[PDB]
Amino acid sequence: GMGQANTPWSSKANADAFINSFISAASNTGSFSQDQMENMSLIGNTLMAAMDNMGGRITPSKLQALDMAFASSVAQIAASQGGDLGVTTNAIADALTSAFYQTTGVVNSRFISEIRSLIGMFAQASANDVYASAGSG
């Protein structure tokens with residue numbers, strides 16, 4: 001009906017704006033070079049393709065699990081760009097912060113807080129790619 005919901009990952013139309021606002025906002029927050037935006041072709045606007053499997057029926061318990069995926073997908077894209085995840089934190093977080101108010105108006109800290117900790121986690125895994133972690137920093 002209205003297509004609005006207390007949270008963007010609660011309705012199908014409310015989640016879309018959150019994804020679009022996250023990329024347009026994240027691309028203007030940290031760096032996200034044009035090469036990083038290419039990943040969006042698989043993450044973000046791609047999430048909409050997953051809704052097509054629903055057949056036009058979305059739910060809070062279903063988007064609840066997928067909503068978290070967007071954070072892990074957006075983190076892997078930016079967390080992989082620039083070992084310094086400190087900026088991606090502000091970039092990804094800022095994008096999610098503006099999308100929150102740009103979509104429904106919920107606290108971005110509650111959701112971004114979980115993503116902020118997840119993004120920093122990818123930094124530890126990417127450290128293994130450059131080499132094997134050592135007992136001492």
# chains A, B, ... in the order shown; residues from 1 in each chain; ligands from 1
>>> residues_around(residues="residue A:18", least_positions_apart="2", cutoff="12 Å", atoms="only C-alpha atoms", output="PyMOL selection string")
chain A and resi 4-5+7-16+20-26+44-45+47-48+67+70-71+92+94-106+108
>>> select_by_dssp(residues="chain A", states="alpha helix (DSSP H)", output="VMD selection string")
chain A and resid 12 to 27 34 to 40 45 to 54 60 to 79 85 to 103 108 to 130
>>> write_last_selection(atoms="C-alpha atoms", output="mmCIF file, in the first residue's frame")
data_model
loop_
_atom_site.group_PDB
_atom_site.id
_atom_site.type_symbol
_atom_site.label_atom_id
_atom_site.label_comp_id
_atom_site.auth_asym_id
_atom_site.auth_seq_id
_atom_site.Cartn_x
_atom_site.Cartn_y
_atom_site.Cartn_z
ATOM 1 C CA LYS A 12 10.247 -4.059 -0.365
ATOM 2 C CA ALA A 13 9.960 -0.436 -1.552
ATOM 3 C CA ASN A 14 11.434 0.923 1.700
ATOM 4 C CA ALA A 15 14.498 -1.347 1.387
ATOM 5 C CA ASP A 16 15.190 -0.308 -2.229
ATOM 6 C CA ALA A 17 15.608 3.401 -1.388
ATOM 7 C CA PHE A 18 17.940 2.378 1.464
ATOM 8 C CA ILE A 19 20.121 0.480 -1.033
ATOM 9 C CA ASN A 20 20.168 3.320 -3.593
ATOM 10 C CA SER A 21 20.786 5.997 -0.933
ATOM 11 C CA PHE A 22 23.574 3.821 0.526
ATOM 12 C CA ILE A 23 25.535 3.735 -2.756
ATOM 13 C CA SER A 24 24.903 7.349 -3.827
ATOM 14 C CA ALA A 25 25.708 8.447 -0.253
ATOM 15 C CA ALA A 26 28.654 6.073 0.300
ATOM 16 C CA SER A 27 30.143 7.108 -3.066
ATOM 17 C CA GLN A 34 34.421 4.032 -9.942
ATOM 18 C CA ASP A 35 35.975 0.551 -9.710
ATOM 19 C CA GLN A 36 34.352 0.001 -6.293
ATOM 20 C CA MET A 37 30.962 1.087 -7.675
ATOM 21 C CA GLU A 38 31.194 -1.816 -10.148
ATOM 22 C CA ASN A 39 30.787 -4.159 -7.157
ATOM 23 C CA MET A 40 27.386 -2.516 -6.608
ATOM 24 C CA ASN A 45 20.824 -2.641 -6.427
ATOM 25 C CA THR A 46 21.416 -6.383 -6.901
ATOM 26 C CA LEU A 47 19.544 -7.080 -3.650
ATOM 27 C CA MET A 48 16.414 -5.938 -5.517
ATOM 28 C CA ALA A 49 16.878 -8.928 -7.847
ATOM 29 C CA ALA A 50 16.612 -11.170 -4.765
ATOM 30 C CA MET A 51 13.180 -9.697 -3.970
ATOM 31 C CA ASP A 52 12.002 -10.908 -7.397
ATOM 32 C CA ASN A 53 12.240 -14.425 -5.929
ATOM 33 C CA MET A 54 9.654 -13.387 -3.319
ATOM 34 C CA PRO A 60 10.063 -8.305 8.336
ATOM 35 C CA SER A 61 11.459 -11.723 9.322
ATOM 36 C CA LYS A 62 12.631 -12.363 5.742
ATOM 37 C CA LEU A 63 14.202 -8.926 5.172
ATOM 38 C CA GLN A 64 15.683 -9.195 8.680
ATOM 39 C CA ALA A 65 18.040 -11.938 7.445
ATOM 40 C CA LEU A 66 18.646 -10.271 4.059
ATOM 41 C CA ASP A 67 19.023 -6.806 5.636
ATOM 42 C CA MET A 68 22.153 -8.109 7.395
ATOM 43 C CA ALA A 69 23.488 -9.464 4.078
ATOM 44 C CA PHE A 70 23.543 -5.926 2.628
ATOM 45 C CA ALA A 71 25.884 -4.926 5.480
ATOM 46 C CA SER A 72 28.216 -7.879 4.820
ATOM 47 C CA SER A 73 28.060 -7.329 1.042
ATOM 48 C CA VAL A 74 28.652 -3.566 1.305
ATOM 49 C CA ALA A 75 31.489 -4.176 3.789
ATOM 50 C CA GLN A 76 33.253 -6.747 1.575
ATOM 51 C CA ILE A 77 33.142 -4.258 -1.325
ATOM 52 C CA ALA A 78 34.515 -1.250 0.581
ATOM 53 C CA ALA A 79 36.412 -3.231 3.248
ATOM 54 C CA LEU A 85 38.751 0.345 6.822
ATOM 55 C CA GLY A 86 38.516 3.415 9.088
ATOM 56 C CA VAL A 87 37.255 5.496 6.138
ATOM 57 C CA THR A 88 34.928 2.795 4.773
ATOM 58 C CA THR A 89 33.429 2.793 8.272
ATOM 59 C CA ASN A 90 32.460 6.448 7.793
ATOM 60 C CA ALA A 91 31.650 5.824 4.112
ATOM 61 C CA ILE A 92 29.475 2.730 4.650
ATOM 62 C CA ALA A 93 28.141 4.048 7.979
ATOM 63 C CA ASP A 94 27.449 7.520 6.540
ATOM 64 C CA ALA A 95 25.623 5.929 3.584
ATOM 65 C CA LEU A 96 23.496 3.851 5.986
ATOM 66 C CA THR A 97 22.992 6.883 8.250
ATOM 67 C CA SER A 98 21.575 9.086 5.464
ATOM 68 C CA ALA A 99 19.508 6.193 4.055
ATOM 69 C CA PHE A 100 17.878 5.671 7.473
ATOM 70 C CA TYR A 101 16.446 9.209 7.516
ATOM 71 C CA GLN A 102 16.127 9.221 3.716
ATOM 72 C CA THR A 103 13.905 6.115 3.960
ATOM 73 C CA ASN A 108 21.463 4.570 12.126
ATOM 74 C CA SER A 109 23.705 3.830 15.132
ATOM 75 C CA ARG A 110 21.677 0.724 16.054
ATOM 76 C CA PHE A 111 22.058 -0.842 12.584
ATOM 77 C CA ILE A 112 25.338 0.848 11.581
ATOM 78 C CA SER A 113 26.766 -0.137 14.988
ATOM 79 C CA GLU A 114 26.513 -3.817 13.993
ATOM 80 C CA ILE A 115 27.902 -3.086 10.507
ATOM 81 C CA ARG A 116 30.722 -0.890 11.856
ATOM 82 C CA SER A 117 31.944 -3.884 13.895
ATOM 83 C CA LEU A 118 31.482 -6.252 10.928
ATOM 84 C CA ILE A 119 33.481 -4.053 8.517
ATOM 85 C CA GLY A 120 36.449 -3.929 10.924
ATOM 86 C CA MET A 121 36.272 -7.747 11.017
ATOM 87 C CA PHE A 122 36.901 -8.044 7.260
ATOM 88 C CA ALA A 123 40.088 -5.998 7.780
ATOM 89 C CA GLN A 124 41.467 -8.856 9.908
ATOM 90 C CA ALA A 125 40.618 -11.463 7.246
ATOM 91 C CA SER A 126 42.128 -9.343 4.447
ATOM 92 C CA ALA A 127 45.343 -9.155 6.505
ATOM 93 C CA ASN A 128 45.792 -12.898 5.873
ATOM 94 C CA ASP A 129 45.739 -12.350 2.093
ATOM 95 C CA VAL A 130 48.811 -10.085 2.245
#
